[PDB]
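>>> Let me give you the complex in parts, starting here:
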Amino acid sequence: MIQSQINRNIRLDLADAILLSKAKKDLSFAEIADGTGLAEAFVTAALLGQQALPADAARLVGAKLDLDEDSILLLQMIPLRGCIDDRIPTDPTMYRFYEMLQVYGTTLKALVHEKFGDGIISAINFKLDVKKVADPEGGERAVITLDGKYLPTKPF
Amino acid sequence: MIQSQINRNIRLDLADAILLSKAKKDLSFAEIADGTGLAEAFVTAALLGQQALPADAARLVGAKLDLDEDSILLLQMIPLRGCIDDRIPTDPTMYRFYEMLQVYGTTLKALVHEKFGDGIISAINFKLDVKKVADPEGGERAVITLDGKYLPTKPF
Amino acid sequence: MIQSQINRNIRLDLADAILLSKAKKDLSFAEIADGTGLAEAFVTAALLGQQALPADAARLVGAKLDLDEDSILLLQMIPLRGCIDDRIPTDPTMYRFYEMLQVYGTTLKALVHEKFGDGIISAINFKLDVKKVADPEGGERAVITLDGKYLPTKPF
Amino acid sequence: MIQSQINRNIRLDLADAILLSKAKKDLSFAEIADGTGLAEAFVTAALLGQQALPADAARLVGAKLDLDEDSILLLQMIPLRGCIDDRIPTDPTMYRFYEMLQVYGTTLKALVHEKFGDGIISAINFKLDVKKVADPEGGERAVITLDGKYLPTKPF
Amino acid sequence: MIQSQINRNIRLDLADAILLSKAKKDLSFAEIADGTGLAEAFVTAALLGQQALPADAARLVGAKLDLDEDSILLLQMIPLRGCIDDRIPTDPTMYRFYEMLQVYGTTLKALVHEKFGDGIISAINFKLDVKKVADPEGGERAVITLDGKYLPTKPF
């Protein structure tokens, strides 16, 4: 794939259309991703404009959602990424993940440099997943795993 | 503890002093937290102004870092939380965790509502840890686990 | 309900259409909510894009307001919440509630930590209501009750 | 009182000093306000730079907190109000009250105009209180009461 | 009137339409307000989306401007107020009134507290007018009168 986008609104408008079709069809993201061979987090992100689907998966999810050919093509384009409307989320569900950075951002930095050294944990050589687990005290918990490669910063 | 702060600069100035003492003594966050009974991410966050230490832990880390009495008291106060200077990190290491929200924030929302329903994953009933693992392809990876309680949103 | 929105403009555009229909039919929010079994604050918030209606209530209010089937479905989706145009309200009526935060925000923090401890008053395990009472000195007062569960911040 | 402030940092610096004295003396805001004849929310707000104390109350809290004479005078000055560092709180405890506006701000406007009419609920002819109650399902809740006069907007 | 708006763009678009019709008909705001019994500043503000007209006045100005029935209805709705595009005006004529706040804002605060005490001059129990007077030195001046009730901030 060598084609890419520069205006996020094209793929985000498509996402809204995908979401309406998905709601009318009573589909989950797990079943849309089923049969693609790709993780639900990756396929979902693509539908929402933040990843590119390979051609086979794009044709599969496009059939499930009754997308036209322009939209199946658009899902294969490399996106202009950035899902937050204006830098800080307003939605409570998304905001909590921003708050985690306001509370633990410097701890994440400190512990990364302690365990690995100078450098970063990659957001590119990176996967995440969301799992539901029972809480022993009652209710349910989400275990969200962020898995990134350490890239060192070295003198030159 | 019923005492709380309203100006983050007091605890953040203390954090700078702690970091200098820690560097002079060639100490790690893992060994500072050793013997407290508390997770390294929680103790580290407290040193950096983002949590309150119980009194015994405050006195233990205060002894290791040679802190004065006002500093040991300050570590026990409930903080005015918020570690980011101006909303969006400039530091590359911290920025990558913000970028994961720009790429996956709406996917986290969508999968949370799919698996749990309306509501949030708590940032309060919440634990974080950082683990170093070998990358089977060569090098090292960080596995960062966000573990939060699901709190539902229902009608009233 | 496992379906959710990612762009607030879809439901906010619907809210504008709902308000136009409501005005043309000379309807109040109290009477739109009548028969749903749900509090006026919750139903009103859903019409305005900030909550999800259960199917029976969505069909009821949709019939009252002569909404099409796509709109009745949209009212059932979990929203991308955030009603303020650009972070701080310009509207005087909305602004007064922001000003209460500018004046009393640190007092709310201080008294919450005093009475409950470290942690938060939840905005999720939460309900709100608005009551009109007579002012003994003449005129009318609004008594707005914010009712949220205390969630503690504990060491781990 | 005819004296007023124009730079919030003077009273906010005093607030930090008050908080340190309060912590060293193991005092609560309820204890400090006891004997003033004034509500704990009002006295706490004054200590935190957001209200002016009458002379007798300033002298009483100054004795309780071992404050010097310049500080006792400053507490009587009409403040430059505004407790939030930079418009939107970073602290989770304070942020939840901002989130309540992001979710319910337009609902509050709508219901105020329906029950009262055009105009505002005053933030000046206004009282706030924080009450701890039992959660009937287990735990504790905060009931926060915002009590403001309705001021109508009428043609002229 | 119990109907209210939440998106200012609806009434601001109507304002643009009103201004075109007004220009084609060579009408002044004084002429438009004539016969309503309402002040030119109030009627003008309503046309520009910042006040609600009573029904009789809305029908009168609507006939003068040849507005359709939905527009005459819209003029009667309680607006989402805020006329400035993005917080600080760019237009020189409007900017000068913002500059008077940058130069005299703290003087207004100081003199209000000196003459009245703690509290505010209301922007709700409030009237405004613009008058043209000859300058004794040559030319013309505007005398703009801001007339607001003092609302005290008292202890409770």
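Arrived safely, thanks for sending. Numbers count the residues shown, from 1 in each chain, chains lettered A, B, ... in the order given.
>>> can you point me to the longest helix in chain A?
helix A:92-115 (DSSP state H).
>>> Show me what that one packs onto, helices and strands only.
Packing contacts for helix A:92-115, counted by 3 or more Cβ pairs under 8 Å, 6 or more residues apart in numbering or on different chains; DSSP states H and E, involve strand A:119-134, helix B:29-33, helix B:40-47, helix B:92-115, strand B:119-134, strand B:140-152, helix D:92-115. All C-beta atoms are positioned from the backbone trio N, CA, C, and that covers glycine.
>>> List the buried residues of the fifth one.
Applying a neighbour-count criterion of 16 or more other Cβ atoms under 10 Å in any protein chain shown, one finds B:119-128, B:130 buried in strand B:119-134.
>>> Could you provide those residues in JSON lines, with additional columns for distance to chain A?
Converted to JSON lines, these look like this (distance: Cβ to the nearest Cβ, whole Å):
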{"residue": "B:119", "distance to chain A": "7"}
{"residue": "B:120", "distance to chain A": "5"}
{"residue": "B:121", "distance to chain A": "4"}
{"residue": "B:122", "distance to chain A": "7"}
{"residue": "B:123", "distance to chain A": "4"}
{"residue": "B:124", "distance to chain A": "9"}
{"residue": "B:125", "distance to chain A": "8"}
{"residue": "B:126", "distance to chain A": "7"}
{"residue": "B:127", "distance to chain A": "9"}
{"residue": "B:128", "distance to chain A": "5"}
{"residue": "B:130", "distance to chain A": "5"}
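>>> restrict these to contacts with chain D.
B:123-124 (Cβ under 8 Å from any Cβ of the partner chain).
>>> which pair in the buried residues of strand B:119-134 spans the largest distance?
Greatest spacing in the buried residues of strand B:119-134, by Cβ to Cβ: B:119 and B:130 (26.6 Å).
>>> Let me see the domain layout of chain A.
Annotated domains of chain A cover A:8-76, A:92-152 [automatic domain parsing].
>>> ok, and does the longest one reach over to chain B?
So that's domain A:8-76. Yes. Contact between domain A:8-76 and chain B, assessed by Cβ under 8 Å from any Cβ, occurs at A:28-30, A:40-41, A:44-45, A:48, A:50.
>>> near chain C, anything from that domain?
Yes. Using Cβ under 8 Å from any Cβ, we find that domain A:8-76 touches chain C at A:12, A:15-16, A:19-20, A:22-24, A:28, A:48.
>>> are any of those residues buried, and which?
For the residues of domain A:8-76 next to chain C, buried by 16+ other Cβ under 10 Å: A:12, A:15-16, A:19-20, A:22-23, A:28, A:48.
>>> then add chain F to what we have above:
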Amino acid sequence: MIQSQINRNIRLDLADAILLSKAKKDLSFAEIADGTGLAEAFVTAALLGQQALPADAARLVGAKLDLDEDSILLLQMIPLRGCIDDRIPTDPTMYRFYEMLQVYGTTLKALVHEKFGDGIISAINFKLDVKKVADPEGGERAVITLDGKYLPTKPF
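One more chain to add, chain F, which I have set with the ones above:
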């Protein structure tokens, strides 16, 4: 006077010191400006960093407030004007004058162009004053007069 400032903090720090001396001496702004030949709004603005006092007035108010020689000199310098901390006031008393602009800013523009033509009402050839009067319906009101020259915008 040909000397001017470029950093507002110098004159604003002096204002804080002036306000402290004024509070200790139980002085009003009206009495500080008495004997000066200048309006209370002008002298007050100078004390608060927003105007320059002529030498005679600077010596008079400096004696009343027991200011040192450097301070009396500073009051005579042309200031770097701008009294609002960060563009939009947080203080309720100051904020109401900003809200008047959010509600009536476009009406002021429209009526200025109607009565005078294209151009501005000067914020430079400009005086203001604050008068306390009875509210005929009970209470007190402020009448604030903004008196500015019309400067036309003409083709060239």
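>>> back to what packs on helix A:92-115, now that we've got chain F?
Partner elements for helix A:92-115 (3+ Cβ pairs under 8 Å, 6+ apart): strand A:119-134, helix B:29-33, helix B:40-47, helix B:92-115, strand B:119-134, strand B:140-152, helix D:92-115.
>>> now these in CSV, with distance to residue F:102?
Shown next, in CSV, are those (distance: least, Cβ to Cβ, whole Å):
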stretch, distance to residue F:102
strand A:119-134, 40
helix B:29-33, 49
helix B:40-47, 40
helix B:92-115, 32
strand B:119-134, 33
strand B:140-152, 36
helix D:92-115, 15
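>>> Residue D:86: which of the ones you listed is closest?
Smallest distance to residue D:86 across the helices and strands packed on helix A:92-115 (Cβ to Cβ): 12.1 Å, for helix D:92-115.
>>> In CSV, could you pull the C-alpha coordinates for the longest helix of chain A?
Taking Å, rounded to 0.1, in the frame of the first residue of the first chain, the C-alpha atoms of helix A:92-115 are listed here in CSV:
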residue,chain,number,x,y,z
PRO,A,92,-15.6,10.3,30.0
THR,A,93,-14.7,6.8,28.7
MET,A,94,-11.8,8.1,26.6
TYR,A,95,-10.9,10.8,29.2
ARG,A,96,-10.0,8.2,31.9
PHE,A,97,-7.1,7.0,29.7
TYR,A,98,-5.9,10.6,29.4
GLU,A,99,-6.2,10.9,33.2
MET,A,100,-4.0,7.8,33.6
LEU,A,101,-1.3,9.8,31.7
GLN,A,102,-1.8,12.8,33.9
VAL,A,103,-1.3,10.7,37.1
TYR,A,104,1.2,8.1,35.9
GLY,A,105,3.0,9.8,32.9
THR,A,106,6.1,10.7,34.7
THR,A,107,6.1,7.3,36.5
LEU,A,108,6.0,5.5,33.1
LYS,A,109,8.9,7.6,32.0
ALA,A,110,10.9,7.0,35.2
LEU,A,111,10.3,3.2,35.2
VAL,A,112,11.0,2.9,31.4
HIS,A,113,14.4,4.6,31.9
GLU,A,114,15.1,2.5,35.0
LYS,A,115,14.3,-0.9,33.4
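>>> Name the residues of it that come out as buried.
Residues of helix A:92-115 classed as buried by neighbour count (16+ other Cβ under 10 Å): A:92-112, A:115.
>>> try stretch A:45-57
Buried residues in stretch A:45-57 (16+ other Cβ under 10 Å): A:45-53, A:57.
>>> what distance separates the start and the end of it?
Stretch A:45-57 stretches 13 Å from its first residue to its last (Cα to Cα, to the nearest Å).
>>> Tell me how far that stretch lies from the chain's centre.
Mean-position distance between stretch A:45-57 and its chain equals 10 Å (Cα atoms, centre = their mean, to the nearest Å).
>>> Also put chain G in, sequence below:
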Amino acid sequence: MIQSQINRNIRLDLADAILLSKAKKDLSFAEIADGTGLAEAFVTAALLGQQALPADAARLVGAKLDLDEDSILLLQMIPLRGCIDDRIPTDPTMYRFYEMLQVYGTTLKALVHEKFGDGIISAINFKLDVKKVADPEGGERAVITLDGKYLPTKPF
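Putting chain G together with the chains above:
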């Protein structure tokens, strides 16, 4: 002219249409302003939404550009001025004039107060001219003349 605009987008949309017509017709701004009796900077600013044309000039440029009657009337309206999209230009050509202010803004203030006294150089009683000259070292230079009335700030 007593008619004015409150939303810059109306005249800025017209400016885009004017620019398209001008490009199709291979016209320059100098050619369009020729015969109006008005300076090229003034006429150009009017086409671009920042000035109002007298009726005769509006009809003339309307004929040259084949504009419709609504557009000819719009050009005569007093504009809602402000040509910069979001406060600071992104365009390099436009940005250089902003940088001139970042480098020389305080020097301009200092030298105006030295040569004239307290007050301003008017942006209203003001003319602007762009002249192309030879660079004696090779190439070309622009000599841009800002010609504004000094308005004094005097005590009252």
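>>> once more on what packs on helix A:92-115, this time with chain G?
Applying 3+ Cβ pairs under 8 Å, 6+ apart, we find helix A:92-115 packed against strand A:119-134, helix B:29-33, helix B:40-47, helix B:92-115, strand B:119-134, strand B:140-152, helix D:92-115.
>>> and the direction of that helix versus that of helix B:92-115, what angle?
Orientation check (axes from the mean of the first three to the mean of the last three Cα atoms, to 10 degrees): helix A:92-115 against helix B:92-115 gives 140 degrees.
>>> now stretch A:92-100: how far from the chain's centre is it?
Between the centre of stretch A:92-100 and the centre of its chain there are 15 Å (Cα atoms, centre = their mean).
>>> got the contact list for it?
Contacts with stretch A:92-100, where a contact means Cβ atoms under 8 Å, 6 or more residues apart in numbering or on different chains, come from A:84, A:88-89, B:98, B:101, B:105-106, B:108-109, B:112-113, B:119-123, B:126, B:128, B:146, B:148, C:81, C:123-124, D:92, D:95, D:99, D:102-103.
>>> Look at residue A:38 and tell me its secondary structure.
Secondary structure, DSSP: H, G, I helix; E, B strand; the rest coil: residue A:38 is coil.
>>> Dead centre of chain A: give me the residue that sits there.
Most central in chain A under Cα atoms, centre = their mean is residue A:45, positioned 3.8 Å from the mean C-alpha point.
>>> Can you give me every residue that contacts it?
A:51, B:103-104, B:106-107 are the contacts of residue A:45 under Cβ under 8 Å, 6+ apart.
>>> quick one on the thing from earlier: measure how far the longest helix of chain A is from the centre of its chain, please.
18 Å.
>>> Same check on stretch A:149-156?
Mean C-alpha position of stretch A:149-156 versus that of the full chain (Cα atoms, centre = their mean) differs by 25 Å.
>>> near chain B at all, that stretch?
Yes. Contact of stretch A:149-156 with chain B (Cβ under 8 Å from any Cβ) involves A:149-150.
>>> Give the buried residues for that stretch.
The neighbour-count check on stretch A:149-156 (16+ other Cβ under 10 Å) flags A:149-151 as buried.
>>> And it, end to end?
21 Å.
>>> what sits up against that stretch?
A:112, A:116-122, A:125-126, B:132, B:135, B:139-142.
>>> got a list of contacts for stretch A:129-145?
So stretch A:129-145 is contacted by A:39-41, A:128, B:108, B:111-112, B:115-116, B:121, B:143-150 (Cβ under 8 Å, 6+ apart).
>>> Could you tell me the end-to-end distance of that stretch?
5 Å.
>>> Now find how far off-centre that stretch is within its chain.
19 Å.
>>> Repeat that for stretch A:38-48.
The chain centre lies 6 Å from the centre of stretch A:38-48; the measure is Cα atoms, centre = their mean.
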